[PDB]
Amino acid sequence: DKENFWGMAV
Amino acid sequence: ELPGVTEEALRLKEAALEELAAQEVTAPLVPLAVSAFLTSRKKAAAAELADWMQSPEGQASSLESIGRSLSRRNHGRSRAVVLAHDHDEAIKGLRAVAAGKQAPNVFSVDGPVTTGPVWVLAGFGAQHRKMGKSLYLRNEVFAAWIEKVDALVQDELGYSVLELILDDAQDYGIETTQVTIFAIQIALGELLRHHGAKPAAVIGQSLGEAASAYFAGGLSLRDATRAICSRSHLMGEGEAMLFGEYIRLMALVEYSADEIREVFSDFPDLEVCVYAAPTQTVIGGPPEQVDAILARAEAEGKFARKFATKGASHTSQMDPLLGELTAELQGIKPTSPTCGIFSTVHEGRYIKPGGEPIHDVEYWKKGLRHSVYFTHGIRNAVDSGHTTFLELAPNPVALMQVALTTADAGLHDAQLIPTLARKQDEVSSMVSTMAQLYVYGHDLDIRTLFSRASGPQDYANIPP
Ligand SMILES: *C(=O)CCCCCCCCCCCCCCC
């Protein structure tokens, strides 16, 4: 999981 | 009364401000709320606002003034927020809202989420050297709550947590990891509360349990600070004296409780520290057995990783500390919770707002000694309609565990809201967090994301 620059669990 | 901010903290503060004042200014992240009773009306407002933002008049108006005006609108059923640094981002964003299309800086929803948020207080393995520093320096409300915990911890333990936060040269240890995360957890929650947010329920994990008890109205700020201070110092001192045959490691391994039942019959001294996800467990025990389970995972294709500690929280090892923990906590006044609690200490069961106090001396002892039923608590939350999980943490490592449980439980579209993360601007992160909370319709006065206007220039002529 990569939680990105806007708070999103990608 | 309480100790002030130490002279050293002030010294480090002055120098940090010096450094900050000299970096190249980064343009702030501005939330743009767009709202209406129906989604089609929302999408057309979006499109309108975009058009106007493309016009010279719109191009002459600050993002902050567009935001403040947008924020003063009436906020209805169907919501969207575009998170932007500049006009172009903003327009690209609003187009997507209008086109019903997905984007990382966009959130858009047909109506409110029907149940309140679960606040996740974890911490275990989330610390990093600079945690909380930038938000401390840049946010007066956050700063204030950090300084209050700093004062109370100085009283409890005789050192300044704020010093650690401010000093790039210091890293964190068994003891200081815990009390510093705690300060940050307290200050984040209260920052959020300051902007209108409230938890519908809390769930704690290991060291986070003290913060969760405070936000659940289960203990006073002082008594919750006691709980975290008593435990972290006992634990640090105990683990510092550990060498060779007394050492016990902790590792995360990709086995379920059920696989672990079978696996453990090869490793008679392993114990479960944290049931993290349906498929992930933190185990503890002798290095040679920890090393052996790790290599058996590796050989089966499963993930595993060691934690940096000579001591195993959540095992029988912790037995010698319990005597002193008991004694250090005499006087703490457990209170009736003001919100729901999924207690991972008590096997993941739910305690109701208004319920019987749970946070007595023995709860702290049980929590330190025994397994943390995190995944079970999360499943219990999901099974009762909760879909929003917001993590208060320097880094959102538990939320990723939460995600594995929600999915396993069939909830494939939960609202998983982080706060701070390492290598992300901390002010931005909180804006993002509060924007998410707005979109899903949970409590959050979005007007408070803007300073009171000083003149007409602080508003924008956005379309009606
Ligand atoms: C949740 O409680 C653990 C978070 C804290 C991170 C550090 C790991 C704690 C382990 C300490 C145990 C050592 C005590 C030994 C007593 C003899």
# chains A, B, ... in the order shown; residues from 1 in each chain; ligands from 1
$ residues_near_ligand --ligand "ligand 1" --cutoff "8 Å" --atoms "only C-alpha atoms and all ligand atoms" --output "ChimeraX atom specification"
/B:123-125,173-175,177-178,205-208,232,234-242,307-314,317-321,368
$ residues_around --residues "residue 7 of chain B" --least-positions-apart "5" --cutoff "10 Å" --atoms "only C-alpha atoms" --output "number ranges by chain"
B: 12-13, 163
$ residues_around --residues "residue 10 of chain A" --least-positions-apart "6" --cutoff "10 Å" --atoms "only C-alpha atoms" --output "ChimeraX atom specification"
/A:1-4 /B:104
$ write_last_selection --atoms "C-alpha atoms" --output "compact mmCIF listing (two decimals), in the first residue's frame"
# COMPACT_ATOMS: atom_id res chain seq x y z
CA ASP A 1 0.00 0.00 0.00
CA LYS A 2 1.22 3.49 -0.91
CA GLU A 3 -0.76 6.21 0.89
CA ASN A 4 -0.10 9.19 -1.49
CA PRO B 104 -6.12 11.86 -6.25
$ interface_residues --of "chain B" --to "chain A" --cutoff "10 Å" --atoms "only C-alpha atoms" --output "mmCIF file with N, CA, C and O atoms, in the first residue's frame"
data_model
loop_
_atom_site.group_PDB
_atom_site.id
_atom_site.type_symbol
_atom_site.label_atom_id
_atom_site.label_comp_id
_atom_site.auth_asym_id
_atom_site.auth_seq_id
_atom_site.Cartn_x
_atom_site.Cartn_y
_atom_site.Cartn_z
ATOM 1 N N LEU B 29 -1.775 24.209 0.650
ATOM 2 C CA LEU B 29 -2.826 23.381 0.057
ATOM 3 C C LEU B 29 -4.173 23.934 0.500
ATOM 4 O O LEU B 29 -4.438 24.073 1.692
ATOM 5 N N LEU B 83 -8.669 19.651 -3.539
ATOM 6 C CA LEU B 83 -7.495 20.022 -2.783
ATOM 7 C C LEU B 83 -6.470 20.562 -3.765
ATOM 8 O O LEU B 83 -5.972 19.796 -4.597
ATOM 9 N N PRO B 104 -6.720 11.863 -7.583
ATOM 10 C CA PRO B 104 -6.116 11.863 -6.245
ATOM 11 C C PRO B 104 -6.426 13.121 -5.401
ATOM 12 O O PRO B 104 -6.661 13.015 -4.185
ATOM 13 N N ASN B 105 -6.441 14.301 -6.011
ATOM 14 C CA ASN B 105 -6.712 15.498 -5.187
ATOM 15 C C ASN B 105 -8.201 15.865 -5.046
ATOM 16 O O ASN B 105 -8.540 16.951 -4.558
ATOM 17 N N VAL B 106 -9.062 14.942 -5.466
ATOM 18 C CA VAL B 106 -10.513 15.114 -5.469
ATOM 19 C C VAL B 106 -11.196 14.060 -4.618
ATOM 20 O O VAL B 106 -10.861 12.884 -4.687
ATOM 21 N N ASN B 395 2.572 8.586 11.315
ATOM 22 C CA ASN B 395 2.696 7.786 10.087
ATOM 23 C C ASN B 395 1.567 6.734 10.080
ATOM 24 O O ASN B 395 1.364 6.051 11.080
ATOM 25 N N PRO B 396 0.830 6.593 8.964
ATOM 26 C CA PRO B 396 -0.430 5.849 9.068
ATOM 27 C C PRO B 396 -0.296 4.330 8.925
ATOM 28 O O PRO B 396 -1.014 3.724 8.131
ATOM 29 N N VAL B 397 0.602 3.715 9.690
ATOM 30 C CA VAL B 397 0.876 2.276 9.541
ATOM 31 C C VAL B 397 -0.287 1.359 9.967
ATOM 32 O O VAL B 397 -0.518 0.351 9.315
ATOM 33 N N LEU B 399 -3.594 2.099 9.836
ATOM 34 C CA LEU B 399 -4.637 2.202 8.815
ATOM 35 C C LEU B 399 -4.484 1.157 7.754
ATOM 36 O O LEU B 399 -5.490 0.636 7.285
ATOM 37 N N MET B 400 -3.244 0.844 7.373
ATOM 38 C CA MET B 400 -2.995 -0.209 6.380
ATOM 39 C C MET B 400 -3.436 -1.569 6.896
ATOM 40 O O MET B 400 -3.921 -2.402 6.123
ATOM 41 N N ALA B 403 -7.286 -1.568 6.740
ATOM 42 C CA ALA B 403 -7.680 -1.865 5.382
ATOM 43 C C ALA B 403 -7.796 -3.352 5.090
ATOM 44 O O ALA B 403 -8.672 -3.781 4.327
ATOM 45 N N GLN B 415 -13.900 4.468 4.378
ATOM 46 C CA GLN B 415 -13.220 5.749 4.431
ATOM 47 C C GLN B 415 -12.008 5.649 5.362
ATOM 48 O O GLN B 415 -12.149 5.662 6.582
ATOM 49 N N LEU B 416 -10.826 5.557 4.764
ATOM 50 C CA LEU B 416 -9.583 5.347 5.523
ATOM 51 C C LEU B 416 -8.773 6.624 5.503
ATOM 52 O O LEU B 416 -8.102 6.913 4.512
ATOM 53 N N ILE B 417 -8.852 7.375 6.595
ATOM 54 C CA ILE B 417 -8.335 8.753 6.645
ATOM 55 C C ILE B 417 -7.074 8.828 7.508
ATOM 56 O O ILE B 417 -7.152 8.677 8.704
ATOM 57 N N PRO B 418 -5.901 9.057 6.894
ATOM 58 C CA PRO B 418 -4.679 9.261 7.705
ATOM 59 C C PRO B 418 -4.603 10.678 8.273
ATOM 60 O O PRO B 418 -5.436 11.529 7.929
ATOM 61 N N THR B 419 -3.609 10.912 9.132
ATOM 62 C CA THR B 419 -3.202 12.247 9.536
ATOM 63 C C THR B 419 -1.763 12.439 9.046
ATOM 64 O O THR B 419 -1.520 12.437 7.853
ATOM 65 N N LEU B 420 -0.812 12.602 9.958
ATOM 66 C CA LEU B 420 0.568 12.887 9.570
ATOM 67 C C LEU B 420 1.200 11.669 8.893
ATOM 68 O O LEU B 420 0.833 10.525 9.174
ATOM 69 N N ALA B 421 2.142 11.919 8.005
ATOM 70 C CA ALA B 421 2.995 10.866 7.504
ATOM 71 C C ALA B 421 4.393 11.431 7.304
ATOM 72 O O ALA B 421 4.535 12.635 7.043
ATOM 73 N N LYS B 423 7.730 12.363 5.345
ATOM 74 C CA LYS B 423 7.902 12.778 3.943
ATOM 75 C C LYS B 423 6.617 13.350 3.293
ATOM 76 O O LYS B 423 6.514 13.421 2.063
ATOM 77 N N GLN B 424 5.647 13.753 4.125
ATOM 78 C CA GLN B 424 4.525 14.578 3.659
ATOM 79 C C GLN B 424 4.396 15.837 4.495
ATOM 80 O O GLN B 424 4.555 15.797 5.715
ATOM 81 N N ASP B 425 4.106 16.955 3.844
ATOM 82 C CA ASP B 425 3.954 18.210 4.564
ATOM 83 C C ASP B 425 2.844 18.035 5.576
ATOM 84 O O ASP B 425 1.736 17.649 5.218
ATOM 85 N N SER B 428 -0.355 20.450 5.168
ATOM 86 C CA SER B 428 -1.117 19.859 4.101
ATOM 87 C C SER B 428 -1.901 18.616 4.514
ATOM 88 O O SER B 428 -3.054 18.423 4.104
ATOM 89 N N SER B 429 -1.268 17.765 5.317
ATOM 90 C CA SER B 429 -1.845 16.474 5.630
ATOM 91 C C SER B 429 -3.143 16.660 6.385
ATOM 92 O O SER B 429 -4.106 15.992 6.094
ATOM 93 N N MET B 430 -3.125 17.568 7.358
ATOM 94 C CA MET B 430 -4.278 17.898 8.189
ATOM 95 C C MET B 430 -5.426 18.579 7.440
ATOM 96 O O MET B 430 -6.574 18.358 7.787
ATOM 97 N N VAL B 431 -5.095 19.400 6.432
ATOM 98 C CA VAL B 431 -6.077 20.046 5.585
ATOM 99 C C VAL B 431 -6.782 18.910 4.864
ATOM 100 O O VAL B 431 -8.008 18.789 4.896
ATOM 101 N N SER B 432 -5.978 18.079 4.211
ATOM 102 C CA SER B 432 -6.489 16.925 3.536
ATOM 103 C C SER B 432 -7.403 16.108 4.470
ATOM 104 O O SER B 432 -8.470 15.673 4.058
ATOM 105 N N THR B 433 -6.993 15.918 5.722
ATOM 106 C CA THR B 433 -7.733 15.071 6.654
ATOM 107 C C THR B 433 -9.097 15.695 6.979
ATOM 108 O O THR B 433 -10.118 15.014 7.093
ATOM 109 N N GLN B 436 -11.504 15.533 4.063
ATOM 110 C CA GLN B 436 -12.095 14.219 3.849
ATOM 111 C C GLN B 436 -13.274 14.069 4.778
ATOM 112 O O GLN B 436 -14.323 13.558 4.402
#
$ residues_around --residues "residue 302 of chain B" --least-positions-apart "4" --cutoff "9 Å" --atoms "only C-alpha atoms" --output "PDB file with N, CA, C and O atoms, in the first residue's frame"
ATOM      1  N   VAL B 253       4.608 -11.165  11.221  1.00  0.00           N
ATOM      2  CA  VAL B 253       4.680 -12.243  10.275  1.00  0.00           C
ATOM      3  C   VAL B 253       3.316 -12.494   9.636  1.00  0.00           C
ATOM      4  O   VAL B 253       2.269 -12.315  10.264  1.00  0.00           O
ATOM      5  N   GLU B 254       3.340 -12.918   8.380  1.00  0.00           N
ATOM      6  CA  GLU B 254       2.124 -13.106   7.590  1.00  0.00           C
ATOM      7  C   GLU B 254       1.457 -14.451   7.869  1.00  0.00           C
ATOM      8  O   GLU B 254       1.389 -15.320   7.010  1.00  0.00           O
ATOM      9  N   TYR B 255       0.969 -14.613   9.091  1.00  0.00           N
ATOM     10  CA  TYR B 255       0.177 -15.781   9.455  1.00  0.00           C
ATOM     11  C   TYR B 255      -1.053 -15.304  10.206  1.00  0.00           C
ATOM     12  O   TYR B 255      -0.962 -14.377  10.984  1.00  0.00           O
ATOM     13  N   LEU B 294      10.584 -16.631  11.227  1.00  0.00           N
ATOM     14  CA  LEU B 294      10.884 -15.702  10.148  1.00  0.00           C
ATOM     15  C   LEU B 294      11.380 -16.423   8.936  1.00  0.00           C
ATOM     16  O   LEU B 294      10.940 -16.130   7.812  1.00  0.00           O
ATOM     17  N   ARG B 296      10.921 -19.588   8.332  1.00  0.00           N
ATOM     18  CA  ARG B 296       9.866 -20.482   7.814  1.00  0.00           C
ATOM     19  C   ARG B 296       8.820 -19.706   6.962  1.00  0.00           C
ATOM     20  O   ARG B 296       8.207 -20.270   6.055  1.00  0.00           O
ATOM     21  N   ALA B 297       8.646 -18.418   7.261  1.00  0.00           N
ATOM     22  CA  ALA B 297       7.743 -17.551   6.490  1.00  0.00           C
ATOM     23  C   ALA B 297       8.376 -17.298   5.126  1.00  0.00           C
ATOM     24  O   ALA B 297       7.811 -17.672   4.095  1.00  0.00           O
ATOM     25  N   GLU B 298       9.553 -16.672   5.142  1.00  0.00           N
ATOM     26  CA  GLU B 298      10.428 -16.558   3.977  1.00  0.00           C
ATOM     27  C   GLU B 298      10.400 -17.784   3.042  1.00  0.00           C
ATOM     28  O   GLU B 298      10.339 -17.631   1.819  1.00  0.00           O
TER      29      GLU B 298
END
$ residues_around --residues "segment 134-142 of chain B" --least-positions-apart "2" --cutoff "7 Å" --atoms "only C-alpha atoms" --output "number ranges by chain"
B: 132, 144-146, 187-188, 191, 426-427
$ write_last_selection --atoms "C-alpha atoms" --output "PDB file, in the first residue's frame"
ATOM      1  CA  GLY B 132       5.236  16.489  14.852  1.00  0.00           C
ATOM      2  CA  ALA B 144      -0.594  24.419  22.555  1.00  0.00           C
ATOM      3  CA  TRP B 145      -1.622  20.844  23.146  1.00  0.00           C
ATOM      4  CA  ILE B 146       1.905  19.554  22.699  1.00  0.00           C
ATOM      5  CA  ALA B 187      -2.499  17.224  20.031  1.00  0.00           C
ATOM      6  CA  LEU B 188      -3.829  15.904  16.741  1.00  0.00           C
ATOM      7  CA  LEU B 191      -6.605  20.093  16.784  1.00  0.00           C
ATOM      8  CA  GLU B 426       2.228  18.054   7.925  1.00  0.00           C
ATOM      9  CA  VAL B 427       0.060  21.195   7.448  1.00  0.00           C
TER      10      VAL B 427
END
$ residues_around --residues "residue 61 of chain B" --least-positions-apart "5" --cutoff "12 Å" --atoms "only C-alpha atoms" --output "number ranges by chain"
B: 52-56, 66-69, 86-87, 456-462
$ closest_residue --among "B:199, B:340, B:58, B:334" --to "residue 362 of chain B" --atoms "only C-alpha atoms"
B:334
$ atom_distance --atom1 "atom CA of residue 150 of chain B" --atom2 "atom CA of residue 227 of chain B"
14.8 Å
